[PDB]
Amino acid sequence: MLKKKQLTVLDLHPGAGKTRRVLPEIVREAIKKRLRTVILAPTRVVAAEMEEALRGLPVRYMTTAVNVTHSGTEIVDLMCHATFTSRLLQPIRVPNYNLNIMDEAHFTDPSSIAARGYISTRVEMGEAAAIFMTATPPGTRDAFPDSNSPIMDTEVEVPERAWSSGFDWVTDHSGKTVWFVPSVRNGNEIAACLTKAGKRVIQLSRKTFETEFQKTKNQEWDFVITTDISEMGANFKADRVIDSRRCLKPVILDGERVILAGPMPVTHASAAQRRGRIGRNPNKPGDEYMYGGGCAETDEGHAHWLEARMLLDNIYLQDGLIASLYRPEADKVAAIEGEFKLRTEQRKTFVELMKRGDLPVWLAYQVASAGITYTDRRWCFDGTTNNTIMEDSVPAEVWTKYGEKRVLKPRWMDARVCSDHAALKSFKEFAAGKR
């Protein structure tokens, strides 16, 4: 696999040992052949699990998730998918790695799609080798793959709201359950219902992932209520997965706004990864997987593929050449390579709105392409009245950096900035000029 001009997909079934058995062996061969290598982890939690599998090998951990003393003798670098894409965007010179390893290469976040595009382009050019590690490569139609031990698969109606009757099987369980919900607000309702019934619940989501995941190892729990973030390598000591088979889909309407569409069916890749959390112990057969819907190809027209094109159009590759998306996922968006290329100063603003502003890619691009500077927040209040952000069914208000109380009404409306309480509080802070 380590021969240049070669991209290998390592598609062993979930729990076959890609991370703990195959990855250390690849690292050893790369160090023997003096290949400057990058290892890309989807989350800080997977990076910490990788340090355990790679302990004793000279790897440089470019993450704050691991507390190791780097000697300077390392030719292998380990960083998160988002860190790699960020460093490509920023004016930091990233080495041109001879070997690129992506763990959980199925991740559909824009920074992961961009990383796959950049890497696969470098391989197509004959400049580098790559390895994509995932049980569910882009374009999988099988949601029931192999596992370490047999899983009991059951199609059943799954509640997506609080309940009093009709779902006795949910609370009649004596083990540990991982429940995938389409959104944070949906998770809150189900968690409140389980807690009222005397159950110990941990909730997980993108923003609180590292902190709450530690609670899954540190204390006894009955249920874990999570969003799709737990599809990226998160390991649990569970015996059942309850799967709504639903997700939210960010959609760009008329090229003017972003809505969160659905809940709608997940892809086969997500269903296989959610099911993949159980049946991982060969000595314990009979783990259950209860699913409450079918799969569909909801990644076509999904805003993340357009956002990944916005990122690759602003990453330098070679003169005016721009990286293409990784071929099996390239038709998920109708986009021309280069259409989102920004001039030097607008590009710098685009990077800063994402890095410091913490805004979604699409929204950061609308602001930067309009020729607005990072600290100028007048666009958060001058949008049409239909763009009024609402808090508790009344218009949201913020004190501007001028000491004037104004209704939050952005020129470009992106539902992700107000999808939950934490997202709205963070966007109010940005509109206030607090970061």
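Definition used throughout: the rigid core is the maximal C-alpha set that superposes within 1.5 Å between two forms. The numbering used is simple: start at 1 and walk along the sequence shown.
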Handout entry: Higher-deviation segment by CA RMS in 8 other deposited structures of this protein, core fitted, 322-330 or 71-79
Key = 71-79
Problem - Stretch with the higher entry mean CA B-factor, where the candidates are 372-380 and 41-49 - result: 41-49
Completion exercise
Per the PDB entry, mean CA B-factor is higher for 405-413 or 392-400, namely for 392-400
Practice task
Name the residue from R343, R245, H304, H81 with the greatest C-alpha temperature factor listed in the entry.
Solution key: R343
Problem - Residue with maximal Cα B-factor (values as given in the PDB entry) among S270, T208, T349, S324 - result: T208
Practice task
Taking the values exactly as deposited, rank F144 by C-alpha B-factor within its chain and report the matching third: lowest, middle or highest.
Solution key: middle
Problem - Third of chain Cα B-factors occupied by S112 - result: lowest
Exercise for the section: Check where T85 lands among this chain's C-alpha B-factors and tell me if it's the lowest, middle or highest third. Expected result: lowest
Completion exercise
Tertile call for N98 (CA temperature factor, within chain, third-based) is the lowest
Practice task
Quick one: classify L253 as lowest, middle or highest third of the chain based on its Cα B-factor.
Solution key: highest
